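Protein chains in written order, with full-length UniProt numbering: chain A, 20 to 84, 96 to 110, 122 to 134; chain B, 58 to 116, 136 to 169; chain C, 6 to 69; chain D, 34 to 146; chain E, 19 to 292; chain F, 20 to 367. Cβ coordinates follow ideal geometry from the N, Cα and C atoms, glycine included.
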Amino acid sequence: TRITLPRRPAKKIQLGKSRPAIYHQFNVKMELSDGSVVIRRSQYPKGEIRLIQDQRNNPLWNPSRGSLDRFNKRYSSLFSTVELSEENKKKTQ
Amino acid sequence: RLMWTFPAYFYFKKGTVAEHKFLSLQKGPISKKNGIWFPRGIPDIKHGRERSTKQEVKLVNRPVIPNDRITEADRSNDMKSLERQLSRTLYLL
Amino acid sequence: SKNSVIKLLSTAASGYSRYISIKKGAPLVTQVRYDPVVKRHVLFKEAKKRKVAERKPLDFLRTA
Amino acid sequence: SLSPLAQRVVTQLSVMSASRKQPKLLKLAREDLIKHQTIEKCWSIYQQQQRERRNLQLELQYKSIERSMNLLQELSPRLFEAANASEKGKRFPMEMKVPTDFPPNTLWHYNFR
Amino acid sequence: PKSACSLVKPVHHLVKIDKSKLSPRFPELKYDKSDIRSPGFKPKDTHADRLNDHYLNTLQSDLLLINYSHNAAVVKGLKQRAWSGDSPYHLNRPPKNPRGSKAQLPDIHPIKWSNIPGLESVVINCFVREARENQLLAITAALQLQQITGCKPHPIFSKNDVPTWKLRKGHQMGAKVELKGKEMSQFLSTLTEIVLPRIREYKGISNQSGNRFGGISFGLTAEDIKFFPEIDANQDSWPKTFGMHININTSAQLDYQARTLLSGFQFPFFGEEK
Amino acid sequence: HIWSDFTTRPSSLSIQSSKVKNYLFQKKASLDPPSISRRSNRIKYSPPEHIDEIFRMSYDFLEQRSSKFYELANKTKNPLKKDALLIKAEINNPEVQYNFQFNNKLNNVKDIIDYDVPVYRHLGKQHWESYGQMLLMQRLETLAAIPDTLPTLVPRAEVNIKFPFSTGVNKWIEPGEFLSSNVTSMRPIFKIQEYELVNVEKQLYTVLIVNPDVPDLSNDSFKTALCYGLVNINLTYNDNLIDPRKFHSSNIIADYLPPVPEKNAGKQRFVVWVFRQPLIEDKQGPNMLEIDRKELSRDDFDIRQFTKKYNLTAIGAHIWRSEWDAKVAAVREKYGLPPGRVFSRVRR
RNA sequence: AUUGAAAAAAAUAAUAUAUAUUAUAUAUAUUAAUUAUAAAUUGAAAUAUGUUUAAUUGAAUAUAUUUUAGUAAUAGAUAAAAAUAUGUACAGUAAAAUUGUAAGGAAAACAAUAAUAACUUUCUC
RNA sequence: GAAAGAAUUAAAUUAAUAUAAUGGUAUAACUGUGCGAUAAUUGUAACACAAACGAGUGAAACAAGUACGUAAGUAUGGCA
Ligand SMILES: [Mg+2]
Ligand SMILES: [Mg+2]
Ligand SMILES: [Mg+2]
Ligand SMILES: [Mg+2]
Ligand SMILES: [Mg+2]
């Protein structure tokens, strides 16, 4: 019933011979929402990443400062604000 | 020098286009072969790495290019500007 | 009968033997004890034969 | 023997495990060992010095604050009271961000709110 | 065994005999783990920690300035009360337990240059409850944790037994990892910048959250973990994903101080404070 | 650059090996380590990268620190403080560390490890505290050589004994060893290595080997026995091996009588104690002391009483322990001691 | 030892060889290994021998000979999840309750919750 | 003035002890870990406790051999 991986005999690490787990890590450059780059050590092999949604473009972190895309594409000739004002009578609710 | 081997078998699946590029980027270790003198000891290899040495693992779609830490203001030595030193704490006098 | 008696016979062929109790399907019980005929510690082994609860021999060589 | 899920779990386990992934031990010559020791000791000393400098600075600041507050108490009681309030829910402003490795495109914002 | 009577004999000298050193059994173990000759050696101070540097430079002085209360004396905690000797039965009696609590509470000190609050340790407890059925889920959770941190996780086992929740005793179920120093700092920085902004309706950490003494916590859902860059970069490799608790341990005397410190490192705080 | 100067500073602070020194101080990692003697092994070897420039920077930093310390050290007048300053200055010197770590401390060659130099002496003390001292303390406590002879010990000097004259073999005795009667037939040799700052010219020492476990059948207990007694011995940090060469016949308050344990009397502890003399002011030269040779007895010997009388302070100790064997009778015969008693196997 | 790079030696300990002694010592030489172990028509790598391109090396590709991949947890003298219940050696401290934290709820897991006077070492005013 | 160490004090035996209940146990008898798997060995056992006898219990010491421990030593099954 319980799904498991059944254990083999464990390998005897002798006292003194235990070595610390130094995992393989690459120096990875993260460019945030704006052009601020930051280096971080990372286990996945990718020298450069650029981020879209970060603290540097979130309103909570700076208060002082593709369905939608598809819709935009196929209702482009009409150009869909003025449109909002036209189609927003707040009597009926 | 002390880092583990990069477990490429995990991050790159066998028989895949992404793996192939990674392999091409890499260069393999010299294996032991009978009837030859290796004056830097016999190659100790596991998961395709010389255990006796350090391993190097070479790696919108755009290169992440960081901005210069020195600024235009710094170059000009404009004391009234706030962008003139980026790594130091500036005090209004 | 849960716990049976057995005869451990000395390996140094004195004839000396010591008796101990074990569970019915316990592993073969060999022990090193003093043989007074020989005046030293020798191996003792089970004189009779009996069935054993067959454990799977744990593999250190990583199979498959 | 094993399922594809079981295989993938094993692979994942291996990623974490030290089984056949770790190099030889870092052996040194005696001269090299000494050089290493001298590097480490010096570094440690430097770090201690830096800590003392910072600690000393903090102590100096604390002393200055104490000196100020006594003076304030002596002179203007209301001002002293205003100064010495509970700042329990004081929050650092979200603009004071942790300095990055390299700076952004727009270094400084001149307009706000 | 002739007896079970344990009784350490007194000595006739003040030299402290380290018994480990007198043996020749574990020669590699006599070296400190910091020493290069030990197999346990690891390069500690590999690069300049950024969050720590920031704390040192900007925040620590600001925190000290905030926490200055003029002529603040020590506030003693709830302690074990002694009996008044108004009866001869008080004479070898154990002390009365503390007033409100059963356990003793610590003294709250005034903040000075020495005892400014700072980050002490992060712990990332991930207990996957589906792993009562599937042990492999615990392994996957541990891997995820390792990926996130760059630090070796430790397996959590079911310490208790209960019938209502289908839970046995002594069953591997998720994992934990205590981050300290530079890795912890990095993890915090990632949380602040990458992950927590990608959470949709994220107000912040609750102000009612925390220990009574310098410890604050919160948790991430399985939805939130896919924003970590190590997990995000291979969504094919990560079909399942597990939530986690994140216990931040500070060197703060009280919890409001700890909250303030965390705010300094760009952690938002939303709820009504105690 | 204070550590390159050897005008006022001793020669021992430098490395005497030239090749090693060259390897330590180079501008690039071009040369190969003198420690690795074999060519193939040298070829195989690869030192860790970037180590040179950083090492040089570390040297400069610690050299500067040493120089700064020296600025204080010369202004200081009182001797212990000055010594401490000197230690602080030179302890982080790579060359002195190399010298100390990788060459023998027991039979130190003066040019390599000079115990006249304060830093080296401090290092030696630290080394002693790390292992040998602890071991000695354990052997004193476990065997019950402290309370049985002399209440306590505050180990200051490292004391090592040897029995060169009897057999021929070279071996420093590990504390609490079982030695044969052949081994301990002729006298031992002491080495009292002193690590504290002490007046070498004035300070005298006494050495007493005592046997607490010789049986007294009148008392139905044991009595002590002074097996070997020396007084007024002169030590020097480097010149410290107490041998028939050094001490005169006047120094011998009780000349060596060998361990001759009786059959079934049991194991007999022989615990050497090393005391330093009381130092008298306003008197140039070594202040001697006279021992009343009729007063002190060898067949029964109050060690504590003796110490009280002459105002001694026990700085060091060492211990072996002998029991009966076939050759003890032969030893007795050689020394002209009587046949030797034989006790009942049962302690009834 | 040959090979790379640009007279010797002076610890401990281990290993090899020799001998000293009714003493598990000393002498000389050298600093190995350190998380591995059979079995892979299929993955990956190296070297050797060919052929084609820009005497040459890179690059591509064929065969041979190897090497790797059997991917599996403890990395710490581990310390109150479960497991070897008798020996010995070394080391440590539990529990409850309380305050919190993703699903978690009275009840799953993780964190935190008595006092530092004196002492030693290190840095520093 | 700071960091690190050694730790000490207070509390605790309410957990835990293969198993009832009681006494004992942190100096741990509880727990972890290395080695081991030997002492869950062989002949003589005085002397005590208990005790009608039959039995029962603790056990110094002597001799043979073994395991761990640098050593001191410990082990003739299990905290009782
Ligand atoms: Mg029991
Ligand atoms: Mg009880
Ligand atoms: Mg009676
Ligand atoms: Mg009777
Ligand atoms: Mg027991």
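When you compare only the Cα positions, how much space is there between residue i and residue j?
{"i": "A:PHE109", "j": "A:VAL56", "result": "37 Å"}
{"i": "E:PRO173", "j": "E:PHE145", "result": "9 Å"}
{"i": "E:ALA270", "j": "E:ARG277", "result": "9 Å"}
{"i": "F:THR203", "j": "F:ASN230", "result": "13 Å"}
{"i": "F:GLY143", "j": "C:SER22", "result": "60 Å"}
{"i": "A:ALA29", "j": "C:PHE65", "result": "8 Å"}
{"i": "A:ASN81", "j": "D:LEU93", "result": "34 Å"}
{"i": "F:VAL361", "j": "F:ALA284", "result": "8 Å"}
{"i": "E:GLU219", "j": "E:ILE266", "result": "22 Å"}
{"i": "F:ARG312", "j": "F:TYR275", "result": "15 Å"}
{"i": "D:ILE78", "j": "F:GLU109", "result": "15 Å"}
{"i": "D:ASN138", "j": "D:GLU128", "result": "16 Å"}
{"i": "E:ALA66", "j": "A:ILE58", "result": "11 Å"}
{"i": "A:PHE45", "j": "A:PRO64", "result": "7 Å"}
The alpha helix (DSSP H) with residue i in it runs from where to where?
{"i": "residue 135 of chain B", "result": "Since the numbering of chain B jumps from 116 to 136, residue 135 of chain B cannot be located in this structure."}
{"i": "F:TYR224", "result": "Unbroken run through F:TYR224 is the beta strand (DSSP E), 223-229; no alpha helix (DSSP H)."}
{"i": "F:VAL115", "result": "113-120"}
{"i": "E:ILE157", "result": "153-167"}
For residue i, does the three-state DSSP call read helix, strand or coil?
{"i": "D:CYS75", "result": "helix"}
{"i": "residue 420 of chain F", "result": "Outside the displayed range of chain F (20 to 367) lies residue 420 of chain F, so it cannot be described from this structure."}
{"i": "E:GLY282", "result": "helix"}
{"i": "E:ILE84", "result": "helix"}
{"i": "D:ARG63", "result": "helix"}
{"i": "E:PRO135", "result": "coil"}
{"i": "F:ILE211", "result": "strand"}
{"i": "F:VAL293", "result": "strand"}
{"i": "C:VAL47", "result": "strand"}
Excluding five sequence neighbours on each side, which residues of the same chain lie with their C-beta closer than 7 Å to the C-beta of residue i?
{"i": "C:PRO32", "result": "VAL57"}
{"i": "D:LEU91", "result": "none"}
{"i": "F:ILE21", "result": "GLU82, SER85, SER86 and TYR89"}
Since residue i is in the beta strand (DSSP E), which residue starts that stretch and which ends it?
{"i": "F:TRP147", "result": "Counting along the chain, F:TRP147 falls outside any beta strand (DSSP E), though it belongs to the alpha helix (DSSP H) covering 137-149."}
{"i": "F:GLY285", "result": "No beta strand (DSSP E) contains F:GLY285, which DSSP labels as neither H nor E."}
{"i": "E:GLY237", "result": "233-238"}
{"i": "F:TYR247", "result": "245-253"}
{"i": "E:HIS31", "result": "Neither: E:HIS31 is in no beta strand (DSSP E) and is coded neither H nor E."}
{"i": "E:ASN267", "result": "262-268"}
{"i": "C:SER15", "result": "8-15"}
Label residue i either buried or exposed according to how many other C-beta atoms from any shown protein chain fall within 10 Å of its C-beta, with 16 as the threshold for buried.
{"i": "E:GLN204", "result": "buried"}
{"i": "F:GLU68", "result": "exposed"}
{"i": "E:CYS169", "result": "buried"}
{"i": "E:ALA91", "result": "exposed"}
{"i": "E:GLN253", "result": "exposed"}
{"i": "F:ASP133", "result": "buried"}
{"i": "E:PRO171", "result": "buried"}
{"i": "F:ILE252", "result": "buried"}
{"i": "D:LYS57", "result": "exposed"}
Quick one: residues in its chain with C-beta nearer than 8 Å to the C-beta of residue i, no 5 flanking neighbours on either side, listed in chain order?
{"i": "E:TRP183", "result": "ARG147 and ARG150"}
{"i": "F:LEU298", "result": "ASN218, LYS221, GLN222 and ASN306"}
In chain order, what residues of the same chain have a beta carbon less than 6 Å from the beta carbon of residue i, not counting five sequence neighbours either side?
{"i": "E:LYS221", "result": "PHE288"}
{"i": "E:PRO57", "result": "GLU46"}
{"i": "F:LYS40", "result": "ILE34"}
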